[PDB]
$ cat upload06.cif   # mmCIF, C-alpha atoms
data_structure
#
loop_
_atom_site.label_atom_id
_atom_site.label_comp_id
_atom_site.auth_asym_id
_atom_site.auth_seq_id
_atom_site.Cartn_x
_atom_site.Cartn_y
_atom_site.Cartn_z
CA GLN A 1 -46.90 191.81 114.84
CA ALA A 2 -47.97 193.15 118.27
CA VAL A 3 -49.83 192.18 121.47
CA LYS A 4 -50.83 192.99 125.03
CA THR A 5 -50.79 191.32 128.42
CA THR A 6 -53.74 188.97 128.92
CA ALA A 7 -55.93 188.72 132.03
CA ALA A 8 -52.62 188.16 133.87
CA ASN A 9 -53.95 185.62 136.37
CA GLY A 10 -50.50 184.01 136.36
CA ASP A 11 -47.61 183.54 133.91
CA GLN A 12 -49.44 185.46 131.18
CA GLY A 13 -46.85 187.99 130.00
CA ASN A 14 -46.47 186.33 126.61
CA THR A 15 -50.03 185.05 126.92
CA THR A 16 -51.44 187.77 124.75
CA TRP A 17 -54.40 188.88 122.71
CA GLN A 18 -53.79 190.97 119.59
CA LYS A 19 -53.07 194.61 120.42
CA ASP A 20 -52.87 195.44 116.69
CA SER A 21 -56.48 196.51 117.11
CA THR A 22 -54.72 199.86 117.65
CA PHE A 23 -51.74 199.17 115.37
CA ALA A 24 -51.01 197.82 111.91
CA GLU A 25 -50.51 194.12 111.20
CA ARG A 26 -47.13 194.05 109.40
CA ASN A 27 -45.19 196.88 111.00
CA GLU A 28 -41.59 197.01 109.84
CA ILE A 29 -38.90 196.52 112.49
CA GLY A 30 -35.21 195.77 112.13
CA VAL A 31 -32.98 193.44 114.14
CA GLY A 32 -29.36 193.86 115.18
CA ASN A 33 -26.69 196.01 113.60
CA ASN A 34 -27.47 197.63 110.29
CA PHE A 35 -25.95 196.56 107.00
CA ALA A 36 -22.47 197.88 106.30
CA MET A 37 -19.72 197.79 103.68
CA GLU A 38 -16.22 198.54 104.94
CA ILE A 39 -13.67 200.29 102.75
CA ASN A 40 -10.24 201.55 103.78
CA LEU A 41 -9.40 205.01 102.49
CA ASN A 42 -5.93 206.46 103.09
CA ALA A 43 -3.85 203.52 101.88
CA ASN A 44 -5.99 203.46 98.74
CA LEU A 45 -5.26 207.13 98.08
CA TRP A 46 -1.53 206.74 98.65
CA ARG A 47 -1.51 203.72 96.35
CA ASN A 48 -3.29 205.69 93.64
CA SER B 1 3.20 254.74 123.29
CA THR B 2 -0.26 256.14 123.98
CA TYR B 3 -3.31 254.07 123.04
CA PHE B 4 -6.90 253.74 124.20
CA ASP B 5 -8.26 250.87 126.28
CA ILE B 6 -11.87 249.73 125.82
CA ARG B 7 -13.66 246.87 127.57
CA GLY B 8 -17.25 245.85 127.06
CA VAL B 9 -19.94 243.36 126.09
CA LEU B 10 -21.09 242.18 122.68
CA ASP B 11 -23.66 239.75 121.30
CA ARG B 12 -22.80 238.28 117.91
CA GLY B 13 -26.40 237.44 117.04
CA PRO B 14 -28.49 234.41 116.17
CA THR B 15 -27.05 234.25 112.65
CA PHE B 16 -23.56 233.07 113.55
CA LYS B 17 -21.92 229.85 112.42
CA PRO B 18 -18.12 229.65 112.62
CA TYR B 19 -17.57 226.20 111.10
CA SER B 20 -18.45 224.43 107.88
CA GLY B 21 -20.19 221.10 107.89
CA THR B 22 -22.35 220.02 110.81
CA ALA B 23 -21.75 218.75 114.31
CA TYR B 24 -24.51 216.25 115.12
CA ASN B 25 -24.30 212.71 113.73
CA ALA B 26 -21.80 213.81 111.12
CA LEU B 27 -21.51 210.39 109.49
CA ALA B 28 -25.27 209.90 109.46
CA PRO B 29 -26.62 208.92 106.03
CA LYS B 30 -27.98 212.02 104.32
CA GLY B 31 -31.51 210.64 104.26
CA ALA B 32 -31.80 207.93 106.88
CA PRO B 33 -34.57 208.60 109.41
CA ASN B 34 -34.44 207.46 113.00
CA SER B 35 -36.69 205.38 115.23
CA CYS B 36 -40.18 206.80 114.88
CA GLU B 37 -43.85 205.96 114.52
CA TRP B 38 -46.73 207.75 112.86
CA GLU B 39 -50.49 207.71 112.49
CA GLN B 40 -52.52 206.52 109.52
CA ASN B 41 -56.06 205.64 108.51
CA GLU B 42 -57.65 202.21 108.51
#

$ encode --input "upload06.cif" --output "structure tokens"
Amino acid sequence: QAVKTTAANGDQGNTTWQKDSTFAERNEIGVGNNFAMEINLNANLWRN
Amino acid sequence: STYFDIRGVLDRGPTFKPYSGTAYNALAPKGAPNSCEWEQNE
């Protein structure tokens, strides 16, 4: 979910209202490297 | 021995493509989008 800087009197960067007033509430976002499945190719061909 | 010599300019045109396949994110999954965001109703 999303937010916005509060009145910012001091140390209020994470101190946040809900910005999702302009956004959705369950927006999809990924983390880190994407899923992967390694497979070697040439040796497999030669073996075949 | 004799033969003509000609030098000049040419423009191949905007419908030229010398290579097969494609040359921008070649290994990109054929359908995967990229980072984006889009509008929607309430």

$ interface_residues --input "upload06.cif" --of "chain A" --to "chain B" --cutoff "10 Å" --atoms "only C-alpha atoms" --output "PyMOL selection string"
chain A and resi 22-24+27+29

$ residues_around --input "upload06.cif" --residues "residue A:3" --least-positions-apart "6" --cutoff "10 Å" --atoms "all atoms listed in the file" --output "short mmCIF file (atom, residue, chain, number, x, y, z; two decimals) with C-alpha atoms, in the frame of the given file"
data_model
loop_
_atom_site.label_atom_id
_atom_site.label_comp_id
_atom_site.auth_asym_id
_atom_site.auth_seq_id
_atom_site.Cartn_x
_atom_site.Cartn_y
_atom_site.Cartn_z
CA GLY A 13 -46.85 187.99 130.00
CA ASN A 14 -46.47 186.33 126.61
CA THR A 15 -50.03 185.05 126.92
CA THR A 16 -51.44 187.77 124.75
CA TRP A 17 -54.40 188.88 122.71
CA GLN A 18 -53.79 190.97 119.59
CA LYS A 19 -53.07 194.61 120.42
CA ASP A 20 -52.87 195.44 116.69
CA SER A 21 -56.48 196.51 117.11
CA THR A 22 -54.72 199.86 117.65
CA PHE A 23 -51.74 199.17 115.37
#

$ atom_distance --input "upload06.cif" --atom1 "atom CA of residue B:34" --atom2 "atom CA of residue A:30"
11.7 Å

$ atom_distance --input "upload06.cif" --atom1 "atom CA of residue A:1" --atom2 "atom CA of residue A:25"
5.6 Å

$ build_atoms --input "upload06.cif" --residues "stretch 23-43 of chain A" --atoms "N, CA, C and O atoms" --output "PDB file, keeping the file's coordinate frame"
ATOM      1  N   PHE A  23     -52.924 199.046 116.203  1.00  0.00           N
ATOM      2  CA  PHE A  23     -51.740 199.170 115.370  1.00  0.00           C
ATOM      3  C   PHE A  23     -52.009 198.608 113.976  1.00  0.00           C
ATOM      4  O   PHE A  23     -53.143 198.290 113.607  1.00  0.00           O
ATOM      5  N   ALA A  24     -50.948 198.516 113.186  1.00  0.00           N
ATOM      6  CA  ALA A  24     -51.010 197.820 111.910  1.00  0.00           C
ATOM      7  C   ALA A  24     -50.808 196.333 112.164  1.00  0.00           C
ATOM      8  O   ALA A  24     -50.769 195.871 113.306  1.00  0.00           O
ATOM      9  N   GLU A  25     -50.669 195.561 111.091  1.00  0.00           N
ATOM     10  CA  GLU A  25     -50.510 194.120 111.200  1.00  0.00           C
ATOM     11  C   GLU A  25     -49.145 193.631 110.732  1.00  0.00           C
ATOM     12  O   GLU A  25     -48.754 192.518 111.093  1.00  0.00           O
ATOM     13  N   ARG A  26     -48.421 194.425 109.951  1.00  0.00           N
ATOM     14  CA  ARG A  26     -47.130 194.050 109.400  1.00  0.00           C
ATOM     15  C   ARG A  26     -46.141 195.193 109.556  1.00  0.00           C
ATOM     16  O   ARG A  26     -45.450 195.589 108.616  1.00  0.00           O
ATOM     17  N   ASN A  27     -46.072 195.748 110.760  1.00  0.00           N
ATOM     18  CA  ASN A  27     -45.190 196.880 111.000  1.00  0.00           C
ATOM     19  C   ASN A  27     -43.738 196.466 110.832  1.00  0.00           C
ATOM     20  O   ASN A  27     -43.330 195.386 111.259  1.00  0.00           O
ATOM     21  N   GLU A  28     -42.959 197.330 110.193  1.00  0.00           N
ATOM     22  CA  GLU A  28     -41.590 197.010 109.840  1.00  0.00           C
ATOM     23  C   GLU A  28     -40.656 197.328 110.994  1.00  0.00           C
ATOM     24  O   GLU A  28     -40.671 198.448 111.514  1.00  0.00           O
ATOM     25  N   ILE A  29     -39.850 196.349 111.397  1.00  0.00           N
ATOM     26  CA  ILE A  29     -38.900 196.520 112.490  1.00  0.00           C
ATOM     27  C   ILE A  29     -37.624 195.767 112.154  1.00  0.00           C
ATOM     28  O   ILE A  29     -37.672 194.630 111.678  1.00  0.00           O
ATOM     29  N   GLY A  30     -36.480 196.402 112.396  1.00  0.00           N
ATOM     30  CA  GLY A  30     -35.210 195.770 112.130  1.00  0.00           C
ATOM     31  C   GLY A  30     -34.638 195.052 113.342  1.00  0.00           C
ATOM     32  O   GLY A  30     -35.091 195.228 114.469  1.00  0.00           O
ATOM     33  N   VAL A  31     -33.623 194.229 113.093  1.00  0.00           N
ATOM     34  CA  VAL A  31     -32.980 193.440 114.140  1.00  0.00           C
ATOM     35  C   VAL A  31     -31.472 193.592 114.014  1.00  0.00           C
ATOM     36  O   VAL A  31     -30.919 193.476 112.915  1.00  0.00           O
ATOM     37  N   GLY A  32     -30.811 193.846 115.138  1.00  0.00           N
ATOM     38  CA  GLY A  32     -29.360 193.860 115.180  1.00  0.00           C
ATOM     39  C   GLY A  32     -28.745 195.055 114.463  1.00  0.00           C
ATOM     40  O   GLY A  32     -29.402 196.030 114.100  1.00  0.00           O
ATOM     41  N   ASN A  33     -27.435 194.950 114.265  1.00  0.00           N
ATOM     42  CA  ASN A  33     -26.690 196.010 113.600  1.00  0.00           C
ATOM     43  C   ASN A  33     -27.131 196.146 112.154  1.00  0.00           C
ATOM     44  O   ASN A  33     -27.535 195.177 111.507  1.00  0.00           O
ATOM     45  N   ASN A  34     -27.054 197.370 111.649  1.00  0.00           N
ATOM     46  CA  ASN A  34     -27.470 197.630 110.290  1.00  0.00           C
ATOM     47  C   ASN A  34     -26.432 197.129 109.298  1.00  0.00           C
ATOM     48  O   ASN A  34     -25.288 196.828 109.652  1.00  0.00           O
ATOM     49  N   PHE A  35     -26.846 197.036 108.042  1.00  0.00           N
ATOM     50  CA  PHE A  35     -25.950 196.560 107.000  1.00  0.00           C
ATOM     51  C   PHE A  35     -24.826 197.559 106.779  1.00  0.00           C
ATOM     52  O   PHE A  35     -25.007 198.771 106.914  1.00  0.00           O
ATOM     53  N   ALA A  36     -23.652 197.037 106.436  1.00  0.00           N
ATOM     54  CA  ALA A  36     -22.470 197.880 106.300  1.00  0.00           C
ATOM     55  C   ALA A  36     -21.531 197.296 105.255  1.00  0.00           C
ATOM     56  O   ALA A  36     -21.525 196.090 104.998  1.00  0.00           O
ATOM     57  N   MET A  37     -20.734 198.176 104.657  1.00  0.00           N
ATOM     58  CA  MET A  37     -19.720 197.790 103.680  1.00  0.00           C
ATOM     59  C   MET A  37     -18.446 198.552 103.997  1.00  0.00           C
ATOM     60  O   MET A  37     -18.374 199.757 103.749  1.00  0.00           O
ATOM     61  N   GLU A  38     -17.458 197.873 104.563  1.00  0.00           N
ATOM     62  CA  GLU A  38     -16.220 198.540 104.940  1.00  0.00           C
ATOM     63  C   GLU A  38     -15.367 198.824 103.718  1.00  0.00           C
ATOM     64  O   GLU A  38     -15.345 198.052 102.755  1.00  0.00           O
ATOM     65  N   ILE A  39     -14.667 199.958 103.756  1.00  0.00           N
ATOM     66  CA  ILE A  39     -13.670 200.290 102.750  1.00  0.00           C
ATOM     67  C   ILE A  39     -12.585 201.174 103.366  1.00  0.00           C
ATOM     68  O   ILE A  39     -12.875 202.258 103.881  1.00  0.00           O
ATOM     69  N   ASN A  40     -11.336 200.721 103.316  1.00  0.00           N
ATOM     70  CA  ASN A  40     -10.240 201.550 103.780  1.00  0.00           C
ATOM     71  C   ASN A  40      -9.968 202.677 102.797  1.00  0.00           C
ATOM     72  O   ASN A  40     -10.184 202.538 101.593  1.00  0.00           O
ATOM     73  N   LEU A  41      -9.484 203.807 103.311  1.00  0.00           N
ATOM     74  CA  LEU A  41      -9.400 205.010 102.490  1.00  0.00           C
ATOM     75  C   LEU A  41      -7.973 205.480 102.241  1.00  0.00           C
ATOM     76  O   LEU A  41      -7.568 205.587 101.080  1.00  0.00           O
ATOM     77  N   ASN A  42      -7.197 205.759 103.287  1.00  0.00           N
ATOM     78  CA  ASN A  42      -5.930 206.460 103.090  1.00  0.00           C
ATOM     79  C   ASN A  42      -4.970 205.635 102.250  1.00  0.00           C
ATOM     80  O   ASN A  42      -4.425 206.127 101.255  1.00  0.00           O
ATOM     81  N   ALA A  43      -4.756 204.374 102.631  1.00  0.00           N
ATOM     82  CA  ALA A  43      -3.850 203.520 101.880  1.00  0.00           C
ATOM     83  C   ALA A  43      -4.238 203.467 100.408  1.00  0.00           C
ATOM     84  O   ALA A  43      -3.373 203.465  99.528  1.00  0.00           O
TER      85      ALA A  43
END
